[PDB]
Amino acid sequence: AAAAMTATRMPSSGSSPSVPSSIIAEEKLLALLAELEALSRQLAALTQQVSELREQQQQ
Amino acid sequence: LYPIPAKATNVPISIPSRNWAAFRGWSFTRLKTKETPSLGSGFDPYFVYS
């Protein structure tokens, strides 16, 4: 009634960026698709000359 | 998109006073909540389904 009455008396907000580091970029990209063919070409050339041992030993 | 609480059989909805010139009609269907990602979101951490 008196004394104190003179003054006065959720779910999901879904953030995303959190506490990780900063990020950067560059545009000098992508030789790498050539080596996948270099590697599998030269791999064949190994077997090709293993065959050239065998095809001369068989003579 | 209006939520239908689990086991609720009735879903009342309303739009306050409006002009309906050129209105074409209504189309409606029902979706699961777990099968619906929130649109107002870059990412939805509760969309635990694919």
# chains A, B, ... in the order shown; residues from 1 in each chain; ligands from 1
>>> interface_residues(of="chain A", to="chain B", cutoff="12 Å", atoms="only C-alpha atoms", output="PDB file with N, CA and C atoms, in the first residue's frame")
ATOM      1  N   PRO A  11      12.364 -18.627 -27.113  1.00  0.00           N
ATOM      2  CA  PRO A  11      13.143 -19.571 -27.935  1.00  0.00           C
ATOM      3  C   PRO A  11      14.409 -18.971 -28.640  1.00  0.00           C
ATOM      4  N   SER A  12      14.458 -18.935 -29.978  1.00  0.00           N
ATOM      5  CA  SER A  12      15.695 -18.944 -30.778  1.00  0.00           C
ATOM      6  C   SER A  12      15.950 -17.677 -31.617  1.00  0.00           C
ATOM      7  N   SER A  13      17.021 -16.952 -31.286  1.00  0.00           N
ATOM      8  CA  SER A  13      17.539 -15.793 -32.036  1.00  0.00           C
ATOM      9  C   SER A  13      18.605 -16.133 -33.091  1.00  0.00           C
ATOM     10  N   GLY A  14      19.224 -17.319 -33.069  1.00  0.00           N
ATOM     11  CA  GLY A  14      19.861 -17.912 -34.258  1.00  0.00           C
ATOM     12  C   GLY A  14      20.893 -17.012 -34.951  1.00  0.00           C
ATOM     13  N   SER A  15      21.909 -16.586 -34.199  1.00  0.00           N
ATOM     14  CA  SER A  15      23.172 -16.010 -34.695  1.00  0.00           C
ATOM     15  C   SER A  15      23.899 -16.999 -35.622  1.00  0.00           C
ATOM     16  N   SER A  16      25.038 -16.617 -36.183  1.00  0.00           N
ATOM     17  CA  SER A  16      25.867 -17.538 -36.979  1.00  0.00           C
ATOM     18  C   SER A  16      27.400 -17.315 -36.888  1.00  0.00           C
ATOM     19  N   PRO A  17      27.966 -16.081 -36.851  1.00  0.00           N
ATOM     20  CA  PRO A  17      29.430 -15.925 -36.969  1.00  0.00           C
ATOM     21  C   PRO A  17      30.310 -16.357 -35.765  1.00  0.00           C
TER      22      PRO A  17
END
>>> select_by_dssp(residues="chain A", states="helix (DSSP H, G or I)", output="MDAnalysis selection string")
chainID A and resid 33:57
>>> atom_distance(atom1="atom CA of residue B:35", atom2="atom CA of residue B:7")
17.3 Å
>>> atom_distance(atom1="atom CA of residue B:4", atom2="atom CA of residue B:28")
13.7 Å
>>> decode(residues="stretch 44-57 of chain A", atoms="N, CA and C atoms", output="PDB file, in the first residue's frame")
ATOM      1  N   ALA A  44      51.478 -45.015 -66.357  1.00  0.00           N
ATOM      2  CA  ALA A  44      51.419 -45.914 -67.495  1.00  0.00           C
ATOM      3  C   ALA A  44      52.806 -46.124 -68.086  1.00  0.00           C
ATOM      4  N   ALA A  45      53.578 -45.059 -68.280  1.00  0.00           N
ATOM      5  CA  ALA A  45      54.915 -45.166 -68.855  1.00  0.00           C
ATOM      6  C   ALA A  45      55.848 -46.077 -68.028  1.00  0.00           C
ATOM      7  N   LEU A  46      55.683 -46.171 -66.701  1.00  0.00           N
ATOM      8  CA  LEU A  46      56.367 -47.193 -65.894  1.00  0.00           C
ATOM      9  C   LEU A  46      56.047 -48.584 -66.424  1.00  0.00           C
ATOM     10  N   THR A  47      54.761 -48.928 -66.472  1.00  0.00           N
ATOM     11  CA  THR A  47      54.322 -50.274 -66.841  1.00  0.00           C
ATOM     12  C   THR A  47      54.701 -50.584 -68.274  1.00  0.00           C
ATOM     13  N   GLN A  48      54.686 -49.565 -69.126  1.00  0.00           N
ATOM     14  CA  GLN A  48      55.031 -49.682 -70.527  1.00  0.00           C
ATOM     15  C   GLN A  48      56.462 -50.162 -70.692  1.00  0.00           C
ATOM     16  N   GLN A  49      57.382 -49.714 -69.845  1.00  0.00           N
ATOM     17  CA  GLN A  49      58.773 -50.124 -69.934  1.00  0.00           C
ATOM     18  C   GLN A  49      59.109 -51.321 -69.063  1.00  0.00           C
ATOM     19  N   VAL A  50      58.316 -51.636 -68.041  1.00  0.00           N
ATOM     20  CA  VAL A  50      58.363 -52.994 -67.492  1.00  0.00           C
ATOM     21  C   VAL A  50      58.065 -53.980 -68.610  1.00  0.00           C
ATOM     22  N   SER A  51      57.061 -53.704 -69.444  1.00  0.00           N
ATOM     23  CA  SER A  51      56.752 -54.581 -70.570  1.00  0.00           C
ATOM     24  C   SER A  51      57.936 -54.699 -71.526  1.00  0.00           C
ATOM     25  N   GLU A  52      58.668 -53.615 -71.758  1.00  0.00           N
ATOM     26  CA  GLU A  52      59.846 -53.605 -72.620  1.00  0.00           C
ATOM     27  C   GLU A  52      61.042 -54.369 -72.057  1.00  0.00           C
ATOM     28  N   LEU A  53      61.114 -54.613 -70.745  1.00  0.00           N
ATOM     29  CA  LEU A  53      62.003 -55.657 -70.240  1.00  0.00           C
ATOM     30  C   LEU A  53      61.500 -57.017 -70.739  1.00  0.00           C
ATOM     31  N   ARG A  54      60.269 -57.373 -70.378  1.00  0.00           N
ATOM     32  CA  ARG A  54      59.706 -58.697 -70.632  1.00  0.00           C
ATOM     33  C   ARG A  54      59.718 -59.064 -72.114  1.00  0.00           C
ATOM     34  N   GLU A  55      59.301 -58.151 -72.984  1.00  0.00           N
ATOM     35  CA  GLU A  55      59.288 -58.341 -74.436  1.00  0.00           C
ATOM     36  C   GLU A  55      60.680 -58.420 -75.072  1.00  0.00           C
ATOM     37  N   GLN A  56      61.755 -58.062 -74.364  1.00  0.00           N
ATOM     38  CA  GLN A  56      63.127 -58.330 -74.805  1.00  0.00           C
ATOM     39  C   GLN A  56      63.711 -59.588 -74.148  1.00  0.00           C
ATOM     40  N   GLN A  57      63.384 -59.879 -72.887  1.00  0.00           N
ATOM     41  CA  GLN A  57      63.763 -61.137 -72.234  1.00  0.00           C
ATOM     42  C   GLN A  57      63.149 -62.368 -72.903  1.00  0.00           C
TER      43      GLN A  57
END
